[PDB]
Engineer: 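Can you keep this structure in mind? I'll have questions shortly.
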Amino acid sequence: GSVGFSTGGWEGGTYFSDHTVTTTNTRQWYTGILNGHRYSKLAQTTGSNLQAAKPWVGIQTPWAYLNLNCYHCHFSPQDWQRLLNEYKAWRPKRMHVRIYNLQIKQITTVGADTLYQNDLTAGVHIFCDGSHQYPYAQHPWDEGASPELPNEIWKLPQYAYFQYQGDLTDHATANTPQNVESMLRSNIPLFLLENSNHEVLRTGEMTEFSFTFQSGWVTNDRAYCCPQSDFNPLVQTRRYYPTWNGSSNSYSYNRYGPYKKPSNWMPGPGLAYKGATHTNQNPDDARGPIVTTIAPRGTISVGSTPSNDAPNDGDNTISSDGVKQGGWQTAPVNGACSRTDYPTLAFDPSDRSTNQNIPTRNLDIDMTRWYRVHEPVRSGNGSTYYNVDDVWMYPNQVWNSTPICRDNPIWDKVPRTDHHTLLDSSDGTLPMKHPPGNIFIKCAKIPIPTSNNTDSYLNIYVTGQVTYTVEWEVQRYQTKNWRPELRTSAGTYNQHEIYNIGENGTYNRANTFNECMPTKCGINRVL
Amino acid sequence: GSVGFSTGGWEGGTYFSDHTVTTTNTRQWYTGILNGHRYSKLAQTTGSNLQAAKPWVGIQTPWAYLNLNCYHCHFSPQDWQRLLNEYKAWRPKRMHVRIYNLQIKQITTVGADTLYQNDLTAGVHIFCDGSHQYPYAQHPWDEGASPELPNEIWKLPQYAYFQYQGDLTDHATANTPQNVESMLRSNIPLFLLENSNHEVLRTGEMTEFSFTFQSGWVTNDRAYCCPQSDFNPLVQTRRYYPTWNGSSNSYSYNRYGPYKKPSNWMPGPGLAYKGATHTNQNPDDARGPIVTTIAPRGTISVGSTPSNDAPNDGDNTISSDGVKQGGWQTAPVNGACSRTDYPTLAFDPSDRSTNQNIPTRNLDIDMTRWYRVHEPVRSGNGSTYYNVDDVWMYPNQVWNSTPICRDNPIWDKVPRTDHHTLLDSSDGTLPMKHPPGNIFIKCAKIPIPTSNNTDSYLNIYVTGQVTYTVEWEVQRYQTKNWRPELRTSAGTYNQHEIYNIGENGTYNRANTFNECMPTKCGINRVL
Amino acid sequence: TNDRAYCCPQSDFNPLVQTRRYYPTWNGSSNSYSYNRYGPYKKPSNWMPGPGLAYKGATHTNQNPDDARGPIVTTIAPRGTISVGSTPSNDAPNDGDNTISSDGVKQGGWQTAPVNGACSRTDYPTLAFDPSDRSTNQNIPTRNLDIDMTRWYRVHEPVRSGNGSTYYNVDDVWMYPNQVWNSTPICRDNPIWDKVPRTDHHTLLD
Amino acid sequence: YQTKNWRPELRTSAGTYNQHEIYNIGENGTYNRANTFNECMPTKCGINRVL
Amino acid sequence: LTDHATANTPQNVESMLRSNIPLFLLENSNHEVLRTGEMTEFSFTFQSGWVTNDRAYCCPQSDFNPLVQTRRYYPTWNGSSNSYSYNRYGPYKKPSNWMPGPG
Amino acid sequence: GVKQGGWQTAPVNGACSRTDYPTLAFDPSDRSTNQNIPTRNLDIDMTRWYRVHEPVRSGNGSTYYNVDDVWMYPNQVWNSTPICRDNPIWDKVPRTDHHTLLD
């Protein structure tokens, strides 16, 4: 008889050790009924009017889901400081999630007054998709992650997923196969969570989930030198550099100076592009820096026209408007270029922020990450130094990843595909094949009798507690550095009261990326 | 199925034996929702206006806590009488606290009428901090301790804690380091009880806590003589006292009279100061007798100005107003001086007292505690007898502690610091490293669905029973005294009906410190 | 000990709860006291500011590095001996004791510094040092930074005087019961230990 | 140390010092030492204890 | 490197770099001190790829058999019809799946 | 600024044999007085490419674009440069979060 028995306590606190950090967090969560207990088409209405449907079309579900992906979910500002000061590297190992102390209440109107009364026999649907049968649909930077403050109520975000690009229209030429658009539309998936197995829980019940991570490392230490400066000037190099003689049409040689020795190591791959920065209008346009247009041959997308003049030769050229609303954008794409760390990653530390100050990633002091790359080419009497904005993958590229802050997402799901290149994120998330599965939650749909076969349900909502524990594998730094180093310190910040509760419970959050306590500031690594 | 089963009975009564007294008390307690389930800045607005913030700034929490610290919590007036009459000494050994028979009710408005209905699935957060991770914030003399009468309802007091002194402002001179105020403000702690582990209980559940005391003794017997009178006049002393001869510029000697023999034993340390008694206005001013101004070099407090004239030499002198609102006061500081027992300890016997008569400690008949101390110094023809208001710690000081009454606090937490001197309280509480930990209680925060992301919770309150049992180590007196002695007796009091229930349930409480049944009145100890 | 106190023991209470304690007010007409509850935002504390002697020493001149400046200067000499700049004084209080001139105390005495104890006001400038031996640096590190909140700036004993009260600065706070304090901060350039002199008695070692 | 403090704290950091090159070897082997007591890295700055 | 402060940059980055420079003194580690009658030795184990002495006499793209026809066709753009027509690759250049290495 | 401020990576020829020369030149020994400087001009391996062209239909004919930068792309296959007795044996891989293929 667990109506009067709790199914759990409250669990909080972090534990530090040499090889392990364990974070434990409990939140009170709730969800009401979403989308009237039904699945429905979700389509974007925004964007400049064009003779086509808007690109994103999908399904919004009745379900809600748990999002644990961000560091401020797991670490308090204190704990994050201690992680960054005492450890050169960490990665998540295993996560345990308990859902318990469930309460299901009927929302009742007896009059001008709204009543909240237990329905003791009402259930809650809880489903973890761990085999990734359903669309994951988790953008790492989404709001609706577990709130930073343990005392804050967490309203579950609603689950929706992409279905098809609505902008695609049938296009028939001598250069295309027939009926490709209808072929795409016929093949769109529909995912209903009710054709899978899940648990239904009443108020005296609990459920739990365990996940094991496989990921690379987040690395807190930085390089104080680039690989290319890293030689010894007191020793001469045997290497010579050529000088072209226009008279003899040959080369002569001179020893490289001891203070620049040619390196075998390439600057890491980096794409320095801002994207389209020219206007703030139309938040649903694809700004950049990389915009990808998907469309199969035989279909034509927004603002696309076939072009019969070379190089295109029957391919569809896409106007600015077409690329802008039709395409899908990848940002940041800076890679190893530190010049474009800014302003290509900017975020709110929390959801629904009223702060006018937007933290943007301006601080990278790691010295393997490059500002500019130049290819000098002999031209006439002198040489022309060509800035290279696109440094692609090339052998012997060696670089460090961007710094991250407590407000970054922890992981990003690697799309399941035939092939992928090296996995390094420009935003710093850990790419994971098999990230922890979506934990889906919805109130039971309790029908109300109707004579006319209308869909009428009882108005209820579930609240409960969720405890999530992450075991973090972690490595303490060791150094022979004689000097003291930069450390994350509260005294660095222009906002002295940051992460403190103020008048009327206002909680102070970072104005800047530095106040978000970024990694790779303090600890020197030897290359 | 404990919805219909109680988790405990009612436990009351005291048990006396030779070496042990056991008090058992049960109270019905409740708390509603505090501070709207949130943490917020708590700042004092009172005091004379000054160009600075008011000193005390802190955090008021959603939590409530149990306060067992006072004797009238544990002992009935009868039981206290018997303790003081039959025992020379006692100390608390172990305490057991049970919280049970929990009821959690929703407060509902259906109309002009307010309804109280069980929420059977609602929880209660109960947390004991026994490792003193959170601020203790218990002033021994606070109200909100368990009520004296077993039948009285106990409303849990709300927990709040100090954070920083708001009066401190940055002060930069050649004599100070830079940016100390921002350094203080940056380093202020924030304590959220939800990052620790605690129990959540529904109505069919209970919890219990055990504590072990380490303390010195409360001592009921008194000295009938001072150490300095304690000799035998029928025997001559070999000791001589000097007399200065101004003519020969030397000393001559004469045997001490047998009825004052010089003693090796110093009067105990005592600071005789009233504090600032001149006005009753501004209850938040620091009156005395010892006022401590905290402020680091590089900061400047209220009413402070740097003074470049000696002795100060760049130190900040503080005006009366600055000391008055800015400082922190220590009272009583009488120590072994009985002259300043009055009026330096005065209190209400109970919380929210309407009695105009305020018990103040005027009765100390222990003879080791001194009225005045004089240092005579030869001056001219005679000698000048200098009153000494400050007797500091000196070797061979020997003294008895102040008497206490049933309305005193039992213990006081020793602040955790690098160093402390001898622990003797002028108010009589037992200093304890590791006093019993705060038991924190709050109603679960049960969210109400809102579309606009406002914070809206279900209005509930918890009531329960708390049983607390203290085992007291105790010592019976033994004496060869031939004569009968003073004993605590109901017939001593001008109020004959004291501790009786009167018309309409009015409970009579002590008008005077004597009616509070003070210790160290009755039993003679041999020195 | 590396950790610090962010509050003094005397601020450390809960203002949301009233105190049962009252403070006296003297009535000169009735020659008695009346009582009023302490305000919830200053609750009288059982805990004394730690012992502290706020004295600079003799700061007036830089000459004569071998003079005993302070803040505590101890003259040793047994009865039957006379030290530098000492003369017997037959006028009270001295009565045959040797009074010592400034010069005598100055070169003859032995100095104890720092003697600030729990007073943070005199942390400066009573501890100043070179980080290394034979330093050429004109900048002398001196201990100006103490943010520990148990260590006190000033102590006042207010005493009712006439119509108002006089607030007496206390430069000497001696050992007294229920004093609780944290030790001074140290730096990487401090000595680790000091040998306790072997003696019959010593007080608390801080 | 162990703390339940929610907030980050002061820590000893090289970036605090007006002398940026402190404890570094300079020209001709000159070793840079603290000008101030803060540059000597004093204790009891960072960690909060609960009383 | 010199400090540069604009609306587009964070503050005090140069001093931040200069403050964080390492200093390495070999005397804070453990090493051997040897007098004239003493010796010391060290062992190392390599992990590496191979140095390769043999060469390719052909590129991967020439490496086919001309006596066999390829089924593959190559496009030719017709500007009049705006479409492609196809012709079998000649047996002596067969399109290769293998790209020239990065250079 | 680029010239004195930057740090240079050479050789970066990769699989291009055209730029084997003159991008690697050295003395065989230290403090050489020899005016003749060995420079790597001899690569007869046939997987290593001289030029790469992307032809693009332009007007009536096609334009053959020389490609001086061939980046990493799938199905690139190549042999490493020849080495001589005077080359270094190894190079320390910088310790970093990421590296591409090591050649």
Side-chain angles (χ1 to χ4, degrees), chain B residues 44 56 60 137 139 141-144 157-158 160 162 177 183-184 189 244 249 269 273 275-278 280 283-284 286-289 291-297 315 318 320 323 328-331 335 343 346-348 358 377-379 392-393 412 415 417-425 427, chain C residues 1 6-26 33 35-36 38-39 41-49 90 92-93 95 121 124 144-147 149-150 152-158 160 164-165 167 174-183 206:
Chain B
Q44 67 176 25
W56 194 97
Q60 57 182 15
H139 186 273
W141 291 91
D142 285 343
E143 296 183 350
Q158 184 176 354
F162 177 85
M183 182 170 174
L184 292 173
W244 178 255
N249 290 333
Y273 298 99
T277 57
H278 63 86
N280 66 346
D284 281 339
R287 288 174 175 80
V291 177
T292 299
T293 297
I294 304 298
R297 183 175 296 277
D315 288 344
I318 301 168
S320 295
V323 176
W328 299 102
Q329 56 181 13
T330 299
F347 55 87
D348 285 344
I358 306 301
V377 177
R378 188 182 71 83
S379 63
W392 294 95
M393 289 178 70
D412 188 1
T417 59
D418 295 343
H419 298 89
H420 63 79
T421 58
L422 178 289
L423 297 173
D424 186 7
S425 63
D427 64 353
Chain C
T1 298
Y6 65 89
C7 55
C8 59
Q10 297 81 358
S11 66
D12 199 5
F13 52 86
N14 184 342
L16 295 176
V17 176
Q18 295 296 102
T19 188
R20 294 185 295 108
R21 289 171 67 98
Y22 285 72
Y23 58 84
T25 300
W26 178 255
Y33 291 97
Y35 297 94
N36 291 125
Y38 288 96
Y41 289 93
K42 290 186 185 298
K43 291 178 178 178
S45 178
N46 286 335
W47 298 105
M48 290 294 292
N90 289 333
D95 289 345
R121 179 169 64 86
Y124 174 83
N144 56 350
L145 181 65
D146 183 1
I147 53 110
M149 299 300 289
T150 59
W152 55 267
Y153 186 78
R154 291 185 179 277
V155 175
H156 291 83
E157 294 171 349
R160 188 182 71 83
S165 178
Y167 294 81
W174 294 95
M175 289 178 70
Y176 187 79
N178 286 341
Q179 288 175 331
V180 68
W181 68 99
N182 287 336
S183 63
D206 186 7

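Below, each value reflects all heavy atoms present in this structure, side chains not excepted, and no hydrogens, waters or symmetry copies. Quick note on labels: first sequence line is chain A, next is B, and so on, each numbered from 1.
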Engineer: So how far is it from C:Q179 CD to B:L422 CG, rounded to the nearest 0.5 Å?
Structural biologist: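 Answer for the CD-CG pair, C:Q179 versus B:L422, is 10.5 Å.
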
Engineer: Is C:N36 in contact with chain B via its backbone, its side chain, both, or neither, using a 4.5 Å heavy-atom distance?
Structural biologist: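 Contact with chain B is through the side chain of C:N36 alone.
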
Engineer: Give the member of C:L145, C:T19, C:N144 that has the highest number of heavy-atom pairs under 4.5 Å with chain B.
Structural biologist: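 Of C:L145, C:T19, C:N144, C:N144 has the most heavy-atom pairs under 4.5 Å with chain B.
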
Engineer: By a 4.5 Å heavy-atom criterion (distance strictly below it), what part of C:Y124 contacts chain B: side chain, backbone, both, or neither?
Structural biologist: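 Both backbone and side chain.
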
Engineer: Quick one: CG on C:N178 to CG on B:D412, what's the gap to the nearest 0.5 Å?
Structural biologist: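 That separation rounds to 8.0 Å.
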
Engineer: Compare every heavy atom of B:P157 with every heavy atom of C:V17, then report the nearest pair and how far apart it is.
Structural biologist: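 The answer is CG2-CB, 3.7 Å.
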
Engineer: Contact part of B:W141 toward chain C, heavy-atom cut-off under 4.5 Å: side chain, backbone, both or neither?
Structural biologist: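 Looking at B:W141, backbone and side chain both touch chain C.
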
Engineer: Work out which heavy atom in C:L16 is nearest to a heavy atom in B:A160; give both atom names and the distance.
Structural biologist: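 Reported closest heavy-atom pair: CD1-CB, 3.6 Å.
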
Engineer: Measure the CD1-OH distance between B:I318 and C:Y153 for me, rounded to the nearest 0.5 Å.
Structural biologist: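 Output value for this atom pair is 6.5 Å.
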
Engineer: Between C:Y35 and chain B, with a heavy-atom cut-off of 4.5 Å, which part of the residue counts as in contact: side chain, backbone, both or neither?
Structural biologist: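 Only the side chain of C:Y35 comes within 4.5 Å of chain B.
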
Engineer: Look at C:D206, C:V155, C:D146 and state which one has the largest set of heavy-atom pairs under 4.5 Å with chain B.
Structural biologist: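 The candidate making the most pairs under 4.5 Å is C:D206.
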
Engineer: Supply the atom-to-atom distance B:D348 CG to C:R21 CZ, rounded to the nearest 0.5 angstrom.
Structural biologist: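 Here the rounded value is 12.0 Å.
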
Engineer: Checking B:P289 against chain C: side chain, backbone, both or neither under 4.5 Å from a heavy atom?
Structural biologist: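 For B:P289, backbone heavy atoms alone lie under 4.5 Å from chain C.
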
